[PDB]
Amino acid sequence: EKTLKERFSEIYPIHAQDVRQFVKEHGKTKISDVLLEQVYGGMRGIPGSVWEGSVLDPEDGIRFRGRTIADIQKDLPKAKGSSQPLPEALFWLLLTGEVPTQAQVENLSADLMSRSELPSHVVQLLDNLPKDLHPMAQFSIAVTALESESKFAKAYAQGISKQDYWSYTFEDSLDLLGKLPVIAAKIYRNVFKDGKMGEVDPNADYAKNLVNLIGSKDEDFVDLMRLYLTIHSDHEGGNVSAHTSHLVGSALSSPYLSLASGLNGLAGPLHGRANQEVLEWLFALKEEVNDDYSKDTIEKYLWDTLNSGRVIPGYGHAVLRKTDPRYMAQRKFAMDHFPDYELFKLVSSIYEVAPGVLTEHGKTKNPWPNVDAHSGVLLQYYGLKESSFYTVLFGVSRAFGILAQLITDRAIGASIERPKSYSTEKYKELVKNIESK
Amino acid sequence: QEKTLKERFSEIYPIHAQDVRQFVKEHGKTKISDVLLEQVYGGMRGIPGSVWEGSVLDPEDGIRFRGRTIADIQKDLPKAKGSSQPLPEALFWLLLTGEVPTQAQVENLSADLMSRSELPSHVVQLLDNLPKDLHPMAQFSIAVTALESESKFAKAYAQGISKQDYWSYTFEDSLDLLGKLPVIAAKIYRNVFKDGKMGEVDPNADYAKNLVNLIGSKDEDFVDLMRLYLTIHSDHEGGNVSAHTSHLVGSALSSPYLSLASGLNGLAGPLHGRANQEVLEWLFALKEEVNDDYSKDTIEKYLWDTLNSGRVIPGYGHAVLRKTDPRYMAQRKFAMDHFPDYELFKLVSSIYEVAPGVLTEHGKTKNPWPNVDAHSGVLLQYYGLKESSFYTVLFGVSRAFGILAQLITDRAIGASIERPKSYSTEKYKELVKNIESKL
Ligand SMILES: [Cl-]
Ligand SMILES: [Cl-]
């Protein structure tokens, strides 16, 4: 059977020619306006990214290569005896657009584990960093330190042609992905435990390797991380982390510098800590209700929150018109594994009444929860109680979607992202000249 | 006593914010550009997608810092005593406030940066243990990211400050970071290319002098060159990859450390921060081929060969600027006042005398004039900075002035998070087809 690289080598030329023909025959078609309020409002609504892996369906939720969450939960290969989709199977789908067989996933898992040994200088680096340096900073530092191994950087310096960039980008990406669970686990053991990691089982999959090194053999913990790392793998190219990695990657920086930069954007409080924000709100709610998850007590707390200008964290979509299927997938996991967990029963009680209160409030068009409203409770259940580590887990997942698009961008020879800038003084000049024609 | 940078800026940004607010409220619906399909598939070239106050490129007069040309800042900005060169700390004041600081204000700002220049021990340990084969730019952004433990904005945000006070902690982190950048860069240079031994910071020295001192020199002509170098590379609009990257990461409220580190990683890209080294590599190849013959006949032959072979003359040819880069002329003048007999400079000057006419007669170059990158390497080579894998670190030590100036301004006016919309190629096809069917 074909490997991932072999199958992608047959698919990318078709995509590259299709893109060139598409732009040649339709490049002059205007697809949007640029209003002054958009360049001053973070380019909101501007089509400014070509991202193949995932598209947000406003009616069915995020779609990975046309597949919904229910689609990948049904079609993607699973580990033996498990019901959860494997994140490396989704990576295959993101990169190629095709569903891999069972044997292709396991061979890809084995290939990832064979690339998972951290170089000596990275282990030394991480063991000496102070514990009060945030794990996301330690995360992107470790990723940057792997640049000495970059096959793409060496290939560029040795005059490799542009049409061969993808191959070394691919190898760097798989080299990087194999070491991400080891880096994340090393940071977790050093900062929060005794600094002792296990060893990488070469037959373990991506998620199982991360959980084992973190320090558990619980198969239910392994299944949760398979679900977690899958559903967080990709969400369009407009978000800060995806856009940052594409931007740095478009100047031909290696996957290591592109992922490290994307992680720093994911570290931003407005981007990657929605998980932590929900959990702090849950604990602040739990301290005043004291096991009372009744309809009246929760609805009163929700009305007092909505009437005080605040919002319910994790609720209210801008575009999605129903409950995030990623939220439902985590809800099914909790109901099958620990339905009587107090922190879940609190989350479940909010889900039972919060859509109705937000609707009655009338200031929320789509009163439904997202993935971040349900992820922290499951992590807490398995002992991942240190929320300052949650964005690291987010980064271990989203790196799949980030590196898939990075490989694709080099395969088609995507150009450097360089828009034009003006000062406010100059924008007032441009606008004055336009409005007086 | 005169106002500090923080005190003067705190008086200026409320005016800038109200002007931005009223401008967008009245004119927000005005269309300023189109988005063609070839643009979203072409890196958004020509798209207005950034608000960058510090610098704007004047197509006739070169890059302007808050309206000031290179000649303007050479005249108006304060200088170090006995020196004719502009101080980068002075340009930073101008980039942030739009106003020219006094001599005493620049000196107190230099002293403040030096008081924050002490690297914490875990950064010293980290840099010393990094292997020599790890690229300096990678070590540069690693060390900057390691300083995140000192971030006052990160600690204040977690405590729960108001949105109106974001800029204040962003400002402090930015000055804390600026003070340590010469130390980080010099430590890297000693460890990778020298004996790993470094001097101590002089609390009375300026930003460029501290950098040259720790690298291992006290030559005043070297210090003056670095004053000029760090000044003219400080900022160049907001569309370039490193400036755009730091704005994008900063728009998610990441600290200046993570924002600058991400910007440096973009600057490390071969298509962004290596024009200086590309020109130098091409200069050395010419010298080997011409056997040190720099005659007009010999150089013009080599230039026609390069253009007829389908290649470009590195550093020559602007897309917009219609004359020689004033930053090139400022560097040409420095060499003629310090070492006009240097052979490598005579090569650069010999090229400058004949390349514009050759490119013009060749007829394939609209603006056949050299940029700042055509002349920076030869100056760095004269004073012993011959390790070209270090030039982008020096570029970053300068460009961080403009990056951090805009990041402070972004937080002061509460700039929104940059988040455009993406589509797959399949969805773009459906979008284009529906648009064309209605035309
Ligand atoms: Cl985002
Ligand atoms: Cl650029």
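Here the Cβ positions follow ideal geometry from the backbone for every residue, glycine too, while neighbour counts run over all protein chains shown. Numbers and lists here come from the model and the stated rules, or from a named source; no laboratory read-out is quoted.
Only one residue in B:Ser259, B:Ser242, B:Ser234 is touching a residue at least 24 places away in the same chain (Cβ under 8 Å), in contact with a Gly (Cβ under 8 Å, 6 or more places away or on another chain), away from chain A (no Cβ under 14 Å) and small (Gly, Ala, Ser). Which one?
Going through B:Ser259, B:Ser242, B:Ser234 in turn, just one is touching a residue at least 24 places away in the same chain (Cβ under 8 Å), in contact with a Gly (Cβ under 8 Å, 6 or more places away or on another chain), away from chain A (no Cβ under 14 Å) and small (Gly, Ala, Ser): B:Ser234.
Please verify whether segment B:347-362 includes one or more residues that are under 23 Å from the mean Cα position of the chain (by Cα) and charged (D, E, K, R).
No, there is no match, as no residue in segment B:347-362 is under 23 Å from the mean Cα position of the chain (by Cα) and charged (D, E, K, R).
Which of (1) under 30 Å from A:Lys162 (Cα atoms); (2) within 16 Å of ligand 1 (Cβ to nearest atom); (3) not small (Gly, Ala, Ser) does A:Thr391 not meet, given it meets every other one?
Condition (1) is where A:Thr391 drops out.
Determine whether A:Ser349 is hydroxyl-bearing (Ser, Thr, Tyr), outside the structural domain of A:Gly178 (by CATH) and surrounded by fewer than 23 Cβ atoms within 10 Å (Cβ to Cβ).
Against the criterion (hydroxyl-bearing (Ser, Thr, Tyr), outside the structural domain of A:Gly178 (by CATH) and surrounded by fewer than 23 Cβ atoms within 10 Å (Cβ to Cβ)), A:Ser349 qualifies.
Go through (1) closer than 22 Å to B:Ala374 by Cα; (2) within 14 Å of chain A (Cβ to nearest Cβ); (3) more than 16 Å from ligand 2 (Cβ to nearest atom) and name the single condition B:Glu278 misses.
B:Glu278 satisfies every listed condition except (3).
Which of the residues belonging to segment A:85-103 are polar (S, T, N, Q) and under 21 Å from A:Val55 (Cβ atoms)?
A:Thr96
Yes or no, residue by residue, for (1) within 14 Å of chain A (Cβ to nearest Cβ); (2) within 16 Å of ligand 2 (Cβ to nearest atom); (3) surrounded by fewer than 19 Cβ atoms within 10 Å (Cβ to Cβ):
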{"residue": "B:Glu353", "(1), (2), (3)": "no, no, yes"}
{"residue": "B:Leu359", "(1), (2), (3)": "no, no, no"}
{"residue": "B:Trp369", "(1), (2), (3)": "no, no, no"}
{"residue": "B:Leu394", "(1), (2), (3)": "no, no, no"}
{"residue": "B:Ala412", "(1), (2), (3)": "yes, no, no"}
{"residue": "B:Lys438", "(1), (2), (3)": "yes, no, yes"}
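Tell me whether segment B:233-244 contains one or more residues that are closer than 26 Å to B:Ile12 by Cβ, in the same structural domain as B:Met114 (by CATH) and within 16 Å of ligand 1 (Cβ to nearest atom).
yes
How about segment B:217-249: which of its residues are more than 17 Å from the chain's Cα centre (by Cα) and among the small types (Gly, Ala, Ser)?
Listed by number, the list holds a single entry, B:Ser217.
Does segment B:326-338 hold any residues that are surrounded by fewer than 16 Cβ atoms within 10 Å (Cβ to Cβ) and part of a loop (DSSP other than H, G, I, E, B), and which are they?
The one that is surrounded by fewer than 16 Cβ atoms within 10 Å (Cβ to Cβ) and part of a loop (DSSP other than H, G, I, E, B): B:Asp337.
Can you name the number of the only condition in (1) within 16 Å of ligand 1 (Cβ to nearest atom); (2) more than 27 Å from A:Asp409 (Cα to Cα) that A:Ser261 fails?
(2)
Name the pairs: first residue in segment A:284-302 and more than 20 Å from A:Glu360 (Cβ to Cβ), second residue surrounded by 10 or more Cβ atoms within 10 Å (Cβ to Cβ) and of a type in the set (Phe, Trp, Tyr), Cβ to Cβ under 8 Å, at least 6 apart or on different chains?
Close Cβ pairs satisfying both conditions: A:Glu288/A:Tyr301; A:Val289/A:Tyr301.
From the list B:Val124, B:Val106, pick out the single residue that is within 14 Å of chain A (Cβ to nearest Cβ), of a type in the set (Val, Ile, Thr) and either more than 30 Å from B:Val51 (Cβ to Cβ) or in a helix (DSSP H, G or I) (or both).
B:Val124
What is the one condition in (1) part of a helix (DSSP H, G or I); (2) in contact (Cβ under 8 Å) with a residue 12 or more places away in the chain; (3) charged (D, E, K, R) that A:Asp164 does not satisfy?
(2)
Is there a residue in segment B:36-50 that is touching a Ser or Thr at 6+ places or on another chain (Cβ under 9 Å), basic (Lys, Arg) and farther than 30 Å from A:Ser49 by Cβ?
no
Within segment A:246-275, take every residue that is of a type in the set (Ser, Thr, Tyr) and within 16 Å of ligand 2 (Cβ to nearest atom) and give me the one that is surrounded by the fewest Cβ atoms within 10 Å (Cβ to Cβ).
Restricting to residues being of a type in the set (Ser, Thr, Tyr) and within 16 Å of ligand 2 (Cβ to nearest atom), the top hit is A:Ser250.
Name, by its number, the condition in (1) closer than 17 Å to B:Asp410 by Cβ; (2) surrounded by fewer than 20 Cβ atoms within 10 Å (Cβ to Cβ); (3) among the hydrophobic types (A, V, I, L, M, F, W, C) that does not hold for B:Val100.
B:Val100 satisfies all of (1) closer than 17 Å to B:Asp410 by Cβ; (2) surrounded by fewer than 20 Cβ atoms within 10 Å (Cβ to Cβ); (3) among the hydrophobic types (A, V, I, L, M, F, W, C) except (1).
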